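Here's the structure we're looking at; comments come further down.
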Amino acid sequence: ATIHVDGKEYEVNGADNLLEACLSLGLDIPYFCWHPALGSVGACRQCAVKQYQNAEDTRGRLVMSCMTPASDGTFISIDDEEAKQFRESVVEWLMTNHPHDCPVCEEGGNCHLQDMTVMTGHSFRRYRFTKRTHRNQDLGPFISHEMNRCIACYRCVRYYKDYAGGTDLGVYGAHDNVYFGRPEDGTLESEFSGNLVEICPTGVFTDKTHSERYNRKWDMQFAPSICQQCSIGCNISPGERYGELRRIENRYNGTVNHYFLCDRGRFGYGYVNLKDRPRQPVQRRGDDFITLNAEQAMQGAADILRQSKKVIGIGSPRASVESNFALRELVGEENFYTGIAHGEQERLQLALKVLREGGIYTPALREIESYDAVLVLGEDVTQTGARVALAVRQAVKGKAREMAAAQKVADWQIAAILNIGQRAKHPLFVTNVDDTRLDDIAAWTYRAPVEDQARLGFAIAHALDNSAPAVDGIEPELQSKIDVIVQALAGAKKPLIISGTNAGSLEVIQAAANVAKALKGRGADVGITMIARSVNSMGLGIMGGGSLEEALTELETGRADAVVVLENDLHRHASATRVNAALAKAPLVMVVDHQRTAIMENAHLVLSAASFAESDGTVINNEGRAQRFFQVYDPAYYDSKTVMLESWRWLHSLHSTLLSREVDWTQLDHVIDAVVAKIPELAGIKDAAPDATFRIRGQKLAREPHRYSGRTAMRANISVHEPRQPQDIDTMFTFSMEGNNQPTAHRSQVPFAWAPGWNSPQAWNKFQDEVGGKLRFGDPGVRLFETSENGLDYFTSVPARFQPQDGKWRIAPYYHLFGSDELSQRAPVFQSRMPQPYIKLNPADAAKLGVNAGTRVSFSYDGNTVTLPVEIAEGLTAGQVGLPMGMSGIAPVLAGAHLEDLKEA
Amino acid sequence: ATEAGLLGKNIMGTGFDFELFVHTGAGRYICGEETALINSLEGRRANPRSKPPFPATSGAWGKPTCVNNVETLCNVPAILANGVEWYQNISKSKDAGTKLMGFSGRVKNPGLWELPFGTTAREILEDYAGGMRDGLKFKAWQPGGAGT
Amino acid sequence: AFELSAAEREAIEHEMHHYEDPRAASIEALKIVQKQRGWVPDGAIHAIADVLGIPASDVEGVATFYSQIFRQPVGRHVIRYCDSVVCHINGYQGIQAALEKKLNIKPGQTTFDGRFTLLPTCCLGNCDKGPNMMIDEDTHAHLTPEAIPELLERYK
Ligand SMILES: Cc1cc2nc3c(=O)[nH]c(=O)nc-3n(C[C@H](O)[C@H](O)[C@H](O)COP(=O)(O)O)c2cc1C
Ligand code: SF4
Ligand code: SF4
Ligand code: SF4
Ligand code: FES
Ligand code: FES
Ligand SMILES: [Ca+2]
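Residue numbers (the authors' numbering), protein chains in the order written: chain G, 4 to 908; chain F, 150 to 297; chain E, 11 to 166.
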């Protein structure tokens, strides 16, 4: 299309509206109610431009640029006097009731309303009357509510209800008393309620965890990191002040997690700021815990390891690729053990084999929203991979999108699209042991044990393709539901099958692979998504190694007299008694970790490793994309006694001190080169980010904004002399404002978004090639593998149906977004949000055992009797007891295990 | 009308099924706007909708919907019973047919009459409303309600 | 502790039979609860939401958007006087002053005995007979400030 803005000709996309087209050209139009991910509604009336009928026209007409298509031969003006006057008047009308609150408001310096008040040029107040006032509500531990600052732009309700599918936030009231919030005081129930603090252009919804230790945006030190709380790998901007991690903001990635995070990633960072974290290397001598610096710790550990006869290393999916590879190099390839159990490793390797050898294209997180039918097998996506559940909701609304596009309704006219596609939606079929949070939009839900869900998947694959193995013993009603699912999936242009390792069953993954292969054999555009558990579970699966049971066997048998545990608590993947006995039998335990774990009481040496905020590295997310995360701040800048290094740096220095009796720490690119040279499967991690010599016209990339303050006073209480600026030899970023953060800089890693006049998260519009699209020079992250030329064979291992045996109870896994991830429960703001530790019982089984709801029952697992209160679960099948995975005392390895002597105490 | 066969199923044997309902509102002026009327009919807050698309293409519950005033649908049966030629010859004006006009507010006869289009406002005030009341002198007038 | 009566639920479901979407019966469900109870209490929002299958936030937004759905307690009789333009020309202000003098309350308030609640309302569509008021279901026209005490005594 051809448009003419202020007499200047531009080529745009005709399917776009004028606001996003002009913002993609770099032109500045103020806007409040429009969002790139939410569409246009024409509410705030801020984006007014003046449209002319043709080339010669002097009158014009004030039109709404978000509601006006950028058709061919359009003529508009932004800097027209009437348009500028009306935009200033709209800002003035919004500012009539706005409270005098900017000094004590957490959106100050980050406020879109502040930016657009300044940008319209409105600074003189002629309104002399009163301002309307609203009482506030308690929205939970994460979101702070202040309704006085609202401009009634309707972004919160649109996102939370239409986009995120939430049901507890709405708009109430009338003419100028419109209230945006919950119908009563209570926690916001949605798993994506944290994105309200970026969706809201004002300070109505604010990050309360950030508000506890608040600092302004210009005072932050930012880095581009990867969220470490599940396997999705959402791009984040951690921001730091005064030596503590202060906030997690959403960093735009047009391929993964474009504008939105989930609440676990946005509020689960608080384990970084814990005061019990190790800050120095500590050696246990008898009962004393003496403190070493880095060199003496390296020398002593190297000496003791040199006297040992066999040193084994236990990695973890918490640690990055470089840390796991450095441990593997230190202990040897045959002595390296992955930190997960045998069953977890088997499921992880099967999911990896399906992903990179099944011949079916695994989509990115943004690409999930374009699939025409979704089948989720076994995985509770909202509690394990929540952003995938959000993308599934968008893919479900794709049917209404298609129905409106068939009537020549523009794709940004979201209200007309929702009116046309009233309740018609793409088919979603979810299977779980109980109800899921996707059930409000799912076409069907199957509450059944994991064997029965696997049998349902195998039956779907057999009904789609007769060469697939069949399932005998299907009820006629279940067969009717099976053929409903099959007719929905076969008629879909782009079917998507989502499974994962969290179901605790190999057969569920096999059934999902069979369904994907059967859909591929019919010529469909099938995609498959596998949800892993931890941040680098795919990386540890690709690198591979022995299971934790083999490492414990080597420690118990005495064949290994030294164990190096890297970033692992060892209790989520094995029984605590066995781990404690094996570690007590080992004459040397050496734990390299950044969180105070329970296995350090018997550890002979403890290395204070760095968390993701204080380390650089690479992680592989669930889709097989390698992504680099960068250090946010130097932990030794404020406390000079703090010796906290990267895990790969620690282990490479230990290997050097063991071999040549000398200390060499590393550079990060050296470890990256070692990984891509010795492991050809991980050879794609080199292109995840450029090396430390990458420059933008000769200068590095700035971590903090150019108006970063307090440089000569923030450390003045320790010493009046300003210290050396910290040197970052590992990466291309500098720990200072002396760098480049231009929107037009030829780079992909953006630590934070800021443009002059755009201080809010709307500066990402300046950082993109087109608004709502990708980054200008591509998104960071490179897929490790392409899709295979040939697929796998059908999995013939069809399990039998679940038989409830007497005296035993099958443990059904229950996952929580707040509580199941290991590092997130350590965050003290999560204890107000994590549910009470329950045990889920079927009503028939609870009546058989004579237990009501809330009474305490005691069960013994691995000879350890623990007691939990009973919650009645209607959807849980009998013979199963439901346990909350990843909580205190309940390892996630317990999924699918049998429970004995479950009896009321 | 339902018990006499004018409504329901098979009206006058032609096979056309028509069901008529009465939906009482809950007191809001914006509900008279036809897109806000549709939104209120759907049980939502009566915020209007951006047009295009118009309600005739996708209106109530996404279906073709026609919103019309009471007086238009009261003018319809006379057109269908007496013909187009009669209705076009009621008045010699651009606006065809009769309109319910009337003057209100401190007049001798505040009321409502049916007059052909093109009737001047002085005739409605003087010949029909009786003019202004005793002791009151005419100052201004609004032709079509509070929004004029 | 709010529960819906059998008659209320049957009337709500019969209203739900009239529409192709159960959401379209929210206004009539709120009006049914209001007719049975005088006003719509806090638990009625969740009860109507559970019966209708829509979120409670939608029911609360509908109940707070419409002026004739009362989310606050009212008296046994609701006086609604018109303060629009034609009744302002016809002098509604004397009627409002007489109502405030007799009831000893301001508009939007309830009397001490819970008998009357005074409310301004928009135009009642009775402008040729103004000034107009509407007590609970009856609309009274041709109002004079002297007829207000006699008119209010017939609503016990
Ligand atoms: C704010 C507003 C309020 C309206 N209220 C009414 C109303 O109460 N009754 C009505 O018939 N039309 C009302 N209308 C006009 C309608 O939009 C629409 O024109 C009419 O209901 C049907 O069109 P018709 O004149 O062809 O019958 C209103 C319009 C606006 C903008
Ligand atoms: S929301 Fe924005 S304009 Fe309002 S007080 Fe906060 S910073 Fe100031
Ligand atoms: S609370 Fe925020 S997002 Fe919601 S309408 Fe008000 S300003 Fe917009
Ligand atoms: S979906 Fe996973 S990776 Fe993304 S923000 Fe949530 S916890 Fe982090
Ligand atoms: S951005 Fe267009 S009216 Fe709000
Ligand atoms: S102005 Fe009062 S009834 Fe119309
Ligand atoms: Ca570093």
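By construction, the Cβ of each residue, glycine as well, lies at the ideal position given by its N, Cα and C atoms.
Can you tell me whether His101/G sits near ligand 2, meaning its C-beta is under 7 Å from at least one heavy atom of the ligand? For this step, residue 101/G is matched to residue 98 along the first sequence. Under cutoff, so the answer is yes.
Roughly how many angstroms lie between the CA atoms of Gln291/F and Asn100/E, to the nearest whole one? Looking up residue 291/F in the second sequence gives position 142. Looking up residue 100/E in the third sequence gives position 90. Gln291/F and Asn100/E: Cα-Cα distance of roughly 15 Å.
Flag this pair as touching only if the stretch 548–563 of chain G and the stretch 314–321 of chain G have three or more C-beta atom pairs under 8 Å; answer yes or no. yes
Going by DSSP, which residues form a beta bridge with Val72/E? For the purposes of this step, residue 72/E is taken as the residue at position 62 of the third sequence. According to DSSP, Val72/E bridges with nothing at all.
My understanding is that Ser537/G touches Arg321/G, with C-beta atoms under 8 Å, so please give their C-beta distance in whole angstroms. Locating residue 537/G in the first sequence gives position 534, where the first residue counts as 1. Locating residue 321/G in the first sequence gives position 318, where the first residue counts as 1. The Cβ separation is near 6 Å, so the contact holds.
Cβ distance (whole Å) where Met301/G is taken to contact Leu657/G below 8 Å: In the first sequence, residue 301/G corresponds to position 298, counting from 1. In the first sequence, residue 657/G corresponds to position 654, counting from 1. About 6 Å separates the two Cβ atoms, so the contact holds.
At least one CB of chain G closer than 8 Å to the CB of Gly181/F: is that the case? Taking the second sequence and counting its residues from 1, one reaches residue 181/F at position 32. It does not: the Cβ of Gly181/F has no partner Cβ on chain G nearer than 8 Å.
Under a three-way DSSP split, which group does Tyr374/G fall into? Walking along the first sequence from the start, residue 374/G turns up at place 371. In this structure, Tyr374/G counts as coil in the three-state DSSP scheme.
Unbroken beta strand (DSSP E) run spanning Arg628/G, endpoints: In the first sequence, the residue the question calls residue 628/G occupies position 625. That run of the beta strand (DSSP E) goes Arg628 to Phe632.
Just to confirm, are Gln397/G and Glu372/G a CB contact at a threshold of 8 Å? As a first step, residue 397/G is located in the first sequence; it is residue number 394 there, counting from the start. As a first step, residue 372/G is located in the first sequence; it is residue number 369 there, counting from the start. Yes, Cβ-Cβ distance for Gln397/G and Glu372/G is below 8 Å.
Taking one C-beta from the stretch 123–136 of chain G and one from the stretch 769–778 of chain G each time, how about it: are there three or more such pairs within less than 8 Å? no
Beta-carbon of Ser189/F versus every beta-carbon of chain G: anything under 8 Å? The count along the second sequence starts at 1 and reaches residue 189/F at position 40. Not one chain G Cβ lies under 8 Å of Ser189/F.
Short of 7 Å in beta carbon distance, which residues of its chain neighbour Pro130/E, apart from the five on each side in sequence? Order them along the chain. Position 120 of the third sequence, counted from the start, is the residue given in the question as residue 130/E. If we look at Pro130/E and ignore the five residues flanking it on each side, its Cβ neighbours are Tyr91, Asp93 and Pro117.
Below 8 Å on C-beta distance, what does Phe75/E contact in chain G? As a first step, residue 75/E is located in the third sequence; it is residue number 65 there, counting from the start. Within chain G, the residues near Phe75/E are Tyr175, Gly176 and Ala177.
Between the C-alpha atoms of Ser15/E and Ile22/E, what's the straight-line distance to the nearest angstrom? What you label residue 15/E is simply residue 5 of the third sequence in a count that begins at 1. What you label residue 22/E is simply residue 12 of the third sequence in a count that begins at 1. Looking at the two C-alpha atoms, the distance is approximately 11 Å.
For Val43/E, go through chain F and note every residue whose CB falls closer than 9 Å to its CB, in chain order. What you label residue 43/E is simply residue 33 of the third sequence in a count that begins at 1. Ordered by position in chain F, no residue passes the 9 Å Cβ test against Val43/E, which lies about 12 Å from the chain.
What do you get for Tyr178/F, buried or exposed, if any count of 16 or more other CB atoms within 10 angstroms of its CB means buried? Reading the second sequence from its first residue, position 29 is the one you call residue 178/F. The residue in question, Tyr178/F, is exposed, as its Cβ has fewer than 16 Cβ neighbours within 10 Å.
When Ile145/E, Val43/E and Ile79/E are compared against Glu163/E, the one with the closest alpha-carbon: To locate residue 163/E, count along the third sequence from 1; it is residue 153. Nearest C-alpha to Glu163/E: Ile145/E.
Relative to the C-alpha of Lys356/G, which candidate in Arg158/G, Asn625/G, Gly112/G and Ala394/G has its C-alpha closest? As a working note, residue 356/G is residue 353 in the first sequence. Here the closest residue by C-alpha is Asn625/G.
Taking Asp138/E as the query, report the chain F residues whose CB atoms sit under 8 Å from its CB, ordered along the chain. Within the third sequence, residue 138/E is the residue found at index 128, counting from 1. Chain F residues near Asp138/E: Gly251, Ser253, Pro259, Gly260 and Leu261.
Neighbour-count burial assignment, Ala295/F, 16 or more Cβ in a 10 Å radius: Here residue 295/F refers to the residue found at position 146 of the second sequence. With fewer than 16 other Cβ atoms within 10 Å, it is exposed.
If we count Cβ pairs, one from each stretch, closer than 8 Å, do we get three or more for the stretch 693–710 of chain G versus the stretch 737–754 of chain G? yes
What are the start and end residues of each continuous alpha helix (DSSP H) run of 4 or more residues lying completely inside the stretch 547–628 of chain G, in chain order? 551–560 and 579–588
Would you give the residue range spanned by the alpha helix (DSSP H) that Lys211/G belongs to? Residue mapping note: residue 211/G aligns to position 208 of the first sequence, counting from 1. Residues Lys211 to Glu215.
Limits of the unbroken alpha helix (DSSP H) element including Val474/G: In the first sequence, counting from the first residue as 1, residue 474/G sits at position 471. Where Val474/G is concerned, there is no enclosing alpha helix (DSSP H), given that its DSSP letter is neither H nor E.
Which residues mark the beginning and the end of the alpha helix (DSSP H) in which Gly530/G is found? Numbered from its first residue, the first sequence carries residue 530/G at position 527. Where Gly530/G is concerned, there is no enclosing alpha helix (DSSP H), although the beta strand (DSSP E) it sits in stretches over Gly530 to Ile534.
Return the bridge partner residues of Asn435/G from the DSSP annotation. One-based indexing of the first sequence puts residue 435/G at position 432. Answer is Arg450/G.
Buried or exposed by the 16-neighbour rule on C-beta atoms within 10 Å, applied to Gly271/G: Taking the first residue of the first sequence as position 1, residue 271/G is located at position 268. It counts as buried.
Length of the line joining the Cα atoms of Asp31/E and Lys428/G: Stepping through the third sequence from its first residue, residue 31/E is reached at position 21. Stepping through the first sequence from its first residue, residue 428/G is reached at position 425. Rounded to whole angstroms, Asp31/E to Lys428/G spans 15 Å at the Cα level.
Does the structure place the stretch 221–238 of chain G close enough to the stretch 628–642 of chain G that three or more beta carbon pairs sit under 8 Å? yes
Cross-chain neighbours of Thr170/G in chain E, by beta carbon under 7 Å: Taking the first residue of the first sequence as position 1, residue 170/G is located at position 167. Going along chain E in sequence order, the residues near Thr170/G (Cβ under 7 Å) are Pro65 and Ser67.
Identity of the residues DSSP links to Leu169/F by a beta bridge: Position 20 of the second sequence, counted from the first residue, corresponds to residue 169/F. None; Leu169/F has no bridge partner.
Should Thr206/F be flagged as near chain G, meaning a C-beta pair shorter than 8 Å? Here residue 206/F is taken as the residue at index 57 of the second sequence, counted from 1. Interface residue, yes.
Would you call the CB atoms of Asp60/G and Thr5/G closer than 8 Å? For this step, residue 60/G is matched to residue 57 along the first sequence. For this step, residue 5/G is matched to residue 2 along the first sequence. It is not a contact, given that the beta carbons lie outside the stated cut-off.
What span of residues does the alpha helix (DSSP H) with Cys223/F cover, start to end? By one-based count along the second sequence, residue 223/F stands at place 74. Element bounds for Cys223/F: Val219 to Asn231.
Where the beta strand (DSSP E) through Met119/G begins and ends: If you number the first sequence from 1, residue 119/G lands on position 116. Here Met119/G belongs to no beta strand (DSSP E); instead the alpha helix (DSSP H) covers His115 to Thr123.
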